[PDB]
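Structure first, commentary second.
With ideal geometry, Cβ positions are generated from the backbone for all residues, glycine too; neighbour counts draw on all protein chains shown. None of the figures in this text is laboratory data; all of them are computed from the coordinates on show.
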RNA sequence: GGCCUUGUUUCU
RNA sequence: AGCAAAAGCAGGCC
């Protein structure tokens, strides 16, 4: 619970209503002074204002999941026994489908345009995907590990075995626990775009 | 090339060279190998199963009925049927427990300085003149604002919580000539009789009091029908246990273990004092700050996971120590006072136990609200069996009665050898306090008995459904059961309840 | 009023109440070696230690577990297995042939418990390959320059022939035999020097196994006792040489190594035990290597009664060798191959019986199709005898023949919330946890968390140095619901809203300038799924 | 005989 | 003293 050096240690206060917020010494691993958790609430109540661009832009698929929840319709609760099939199905509805090694390479090309490498054929077909999100990431300074983690979350598939019955589409695979357990099923229809 | 030598060294019995083993291993005949060994095998190496009958289901462990065995004690960590703390009133502001103690005892200052002790049931090693001075200096360090929980350096806790009672480790080459250096023996479990009072504690931690000390944080709203029926069953259950007494027991234990571990971390050598607290609301909404107890913790440098610290647990009591004297052989009983609480007499005896815990028991005690889940899913399996009989949501057939299924009477107790039928809420209280008392005095022998008796329960189930199982070793199963029924008071009384249940299935299974 | 908690079972069926229905080391060694004391006992010469062997011993005359098994019965059992497997030995051999060419040394890092060769204790395979590099590349071993597993295994099976060795532990130089046996011994550990080899034979067994499968029918259900403690590596080697008999010569050169090193596996003798001077009040500790070097009369009855049977298999340097054994299972699918091969015989003597039992792990379940009930009796008898012929023992104690028919995680705030919710999510989806149980598990988790970081509701009557600022924010904002739980406010979960993090569920009702105070990119303290923000911080 | 990691561990 | 049936704990360092 250390802090970045400089004016960063001056936008929080030192002591607020008796409570401590920070220290005054120096550490030995990253060579800084510690903080409180009252600091992490003080910034939420009384800090400087940020901006709100990019934070909407880089997370969209879970907003799609949100509106898929909020546009869904339910049906009848059922009873009685069920029969299941232990099947490896895609868990979440992926955005686009691509191999992960070349996917990591092309998002590394997005990260480093001058250190991208050679224009390959996968880079040539994905260059419009490169540019149409390189225009999206302009208005922020979100850290590249956050960008790369959201990109590898939004682009790589997810296959595991599980018992399942009724439907097979990955929206239903995401909502199977609200569908059915072991003595009951629920008629459910997801909503919006899939 | 030494690997080739060892590859020849792992020749089996019969061949010489690994090359000879290989030329053997690809150029030998398939047939004429196994049936000649079948003709060669002994006529005794067999299994020879055996059909299961009622008449071999003997009483499990009839050595409990012999009357020349000592009584089953109560050797748990706190007090369950005989709880008594003082009657308080505050607003609802969750204060510090120092102030809760400094409030509730200062309210009842009849017991402020009752410095006239009367020793009652002093045991074989507990001594009067360290406990009394210890307890009086302790409560003279609750009613002052010098600081929060601590003690002072005195000999009294240095006896009753035990400084210096470990050995000195010394290098082993001088541990050779001294002939006293001998290995220990295992702890000999003294066999013990049947229980005649734990039946009353299953009669008493299942009664509707006028108290409730359970909070659960809220969840979001719902629109789904599965969420409707889920919260429906949840609210019916939490309505039907909230006035049990074991809820008060549970929250005493959880707050106790939480405070215990948290102050053992936060204080390693300063001997703390923890108020045993459980706030309980009344029916109308008025709070009660019920203080019943004070603890004492010794020096607590805990390296691994079976370090232990001496937890002396004082606790004010109501019922006299003079009915079942064998139940309390580790119970020093001072006498301090008496209180006409509402009507007639109830006395003040504080029961200065000595005790100890290790960190697995503390961390496993902080988890002890989990038993709600096990009772809940047990109830869930019960009602899914019931709705498998009918066809739809049928807990509405349980609390009020639906179109086909009446609220069915559940057999719970038996009077003069004739069964009684408690209500559904009675049986759910029972299942809850069973999974609690499985925790309260639970050590490895209970897991052993349960994990071995599960097969016999499956067997008697299949016997009830006329399947007629076949068992290779009845004596193996019974030896596995009664190897460990020795000295934990839930285990033995579970075996007695088993023997009576088996007698009932025997007399009712005539058709 | 006498009462009895077992009286549930008068009405509710018991099959619904399923939720409530060094010494170990030496005892395991004794239970292994005791099963074949009167078997064949050939003494080695590379170590010279006593090394007893249950292959091709005489047949026992009892019902107790054993380890006696002839060879050619196992060989022709696997031969008939191959007769039902047309080219599947060919398939698995070619599968390992294509798999072994691409073998690099990549598969070392997933070793959270893995023995090494210098530190003499367990490591999480972290400095394992690095220690191999710094302790072998000065001894002209060169595999990482190509990076492949195949030159590494070639010069490591050439490595034990080197008479001397030199490495930095300080430096150290030793001769050959301890360079062997220090790499041989197991503390239920394994060996990183043989972990790749046993992975090769393991995926061999994977390619072998993954494609596999009037008359009164009794049936059984049971496991097998001393299951690690009664098998043997010689049967393993004869098995893998039966498989590789159509393979090229290099494979039989290489596949015949893993049961060789399990054919000399030494065993480390735990921590130890202790003694007591009840008056002098001084103790000591007899460790792993120096058990017998003591007054042997100065132990209890139990340690003396175990050592009096142990001692004729005791290396003088403190680690006794077990020439049979498996030690908590590391050839699990391979031993499963052996077991399903034992099942696949399906007849002996051609009596009026037949088996159709199915595969499983060390446990099983039979399906015996015979003529009358007595034919089922004799068929179960000869099944037990034939399974006894392969060094396997059926547990007659834990079986029943019958007629046919953990709290909060604690690394941060936001991902802590996420990891708890996905634990309860997957626990709901896999084993069929009832929805009321998880619905309350949400509540018990929120109570756990709201104790863990003191983040209670501002409209409560809790106090604290943390909670006052939360109350201050509550009387400050007009955002009547838009907070996350580490900053007070409600929790808005249920059975459905599970796969979202916090902020990307509560963004819409959130306050503008509050979320601008939260999502400030100049956040100085920040350094399943998750969401970046101020709460995503570490120590 | 001293040090073992300055504390508030306030369950509707 | 007390706890607990992996031989341990009821301090270490100085």
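Counting partner chain Cβ atoms within 10 Å of every residue's Cβ in B:114-122, what's the average? Intermediate values should be presented prior to the final figure.
On the way: counts 0, 0, 0, 0, 0, 0, 0, 0, 0.
Across the residues of B:114-122, the mean count of other-chain Cβ atoms within 10 Å is 0.
Averaging over every viewing direction, what projected area does the convex hull of the Cα atoms of segment A:11-77 cover, in nm²? Don't jump to the answer; show the numbers that get you there.
Numbers: hull surface 38.3 nm².
So the mean shadow area of the Cα hull is 9.6 nm².
Output the relative contact order of segment A:7-46, whole-number percent, from Cα pairs under 8 angstrom with separation of 6+ residues.
So the answer I get is 32 percent.
On a 0 to 90 degree scale, rounded to 10, what angle separates helix B:444-464 from the longest Cα axis of chain B?
Approximately 60 degrees, to the nearest 10.
Let me understand segment C:146-199 better: what is its radius of gyration from the alpha carbons, and its Dmax, in angstrom?
According to the Cα coordinates of segment C:146-199, Rg and Dmax are 12.4, 33 Å.
Which of the peptides B:93-104, B:433-444, B:465-476 is most tightly packed, and how do the rest follow, judged by the mean count of other Cβ atoms within 10 Å per residue?
On the way: B:93-104: 17.2, B:433-444: 19.1, B:465-476: 15.2.
The densest-packed peptide leads the list: B:433-444, B:93-104, B:465-476.
As a test of the formula, what do you get for chain B when each DSSP H run with n ≥ 4 contributes -39,500 (n - 2.57) and the sum is divided by the residue count, at 222 nm and rounded to the nearest 500 deg cm²/dmol?
-11500 deg cm²/dmol
So, by mean Cβ neighbours within 10 angstrom, what's the order for B:396-403, C:89-96 with the highest one leading?
C:89-96, B:396-403
Is it possible to state the helix-based mean residue ellipticity at 222 nm for chain C, with each DSSP H run of 4+ residues giving -39500 (n - 2.57), the sum divided by total residues, to the nearest 500 deg cm²/dmol? What is it?
After summing the helix terms and dividing by residue count, I get -11000 deg cm²/dmol.
Averaged across B:387-393, how many Cβ atoms of other chains sit within 10 Å of each residue's Cβ atom?
Partner-chain Cβ atoms within 10 Å, mean over residues of B:387-393: 3.
Given an 8 Å cut-off on Cα distances and at least 6 residues of separation, report the relative contact order of segment C:414-518 as a percent. Spell out each step's value before the answer.
Numbers: 83 pairs, mean separation 27.8, N = 105.
Relative contact order for segment C:414-518 comes out at 27 percent.
Which whole-angstrom value gives the distance between the alpha carbon centres of segment C:474-517 and segment C:390-444?
If we compute the Cα centre of each part, the gap is 30 Å.
Antiparallel as a % of all DSSP beta bridges within chain C, to the nearest 5?
Values: 23 of 28 bridges.
Among the beta bridges of chain C, antiparallel pairing accounts for roughly 80 percent.
Arrange the following residues from fewest to most other Cβ atoms within 10 Å of their Cβ: C:106, C:140.
Working: C:106 12, C:140 9.
So the residues, fewest neighbours to most, are C:140, C:106.
Convex hull volume of the Cα atoms in segment A:100-141, per residue, in Å³?
Output value, Cα hull per residue: 73 Å³.
Pick from A:29, A:75, A:166: which is most flexible by mean-square fluctuation in a GNM of chain A where alpha carbon atoms under 10 Å apart are linked?
The residue that fluctuates most here is A:29.
Arrange C:209, B:352 by Cβ neighbour counts within 10 Å, fewest through most, would you?
C:209, B:352
Compare A:144, A:113, A:48 in a GNM of chain A, Cα atoms joined below 10 Å, and give the one with the largest fluctuation.
A:48
Show that you can apply the helix-only estimate: for chain A, add -39,500 (n - 2.57) for every DSSP H stretch of four or more residues, divide by all residues, and state [θ] at 222 nm to the nearest 500.
Helix contribution divided over all residues of chain A: -10000 deg cm²/dmol.
What number, in percent, do you get for the relative contact order of chain B if the mean sequence gap of Cα pairs under 8 Å and at least 6 apart is divided by its residue count? The partial results should precede the final answer.
Values: 630 pairs, mean separation 105.9, N = 511.
Relative contact order here is 21 percent.
What average number of partner chain Cβ atoms lie no more than 10 Å from the Cβ of the residues making up B:367-376?
Average per residue, whole number: 4.
Using the number of other C-beta atoms within 10 angstrom as an exposure proxy, rank C:74, C:119, B:420 with the fewest first.
By the 10 Å Cβ count, ascending: C:119, B:420, C:74.
Could you tell me how far the Cα centroid of segment C:207-242 sits from the Cα centroid of segment B:1-70, in Å?
12 Å
How long are the three semi-axes of the equivalent ellipsoid for the protein assembly as shown, computed from the Cα gyration tensor as the root of 5 times each eigenvalue, in whole Å, largest first?
53, 45, 37
If the elastic network links every pair of Cα atoms under 10 Å, which of A:72, A:103, A:148 fluctuates the most in the Gaussian network model of chain A?
Maximum fluctuation in the GNM of chain A, among the listed residues, is at A:72.
Jot down the radius of gyration and Dmax of chain A, Cα atoms only, both in angstrom.
Using the Cα atoms of chain A, the pair Rg, Dmax is 23.6, 66 Å.
Once each part is reduced to its C-alpha centroid, what is the distance from segment B:113-181 to segment B:310-369 in angstrom?
18 Å
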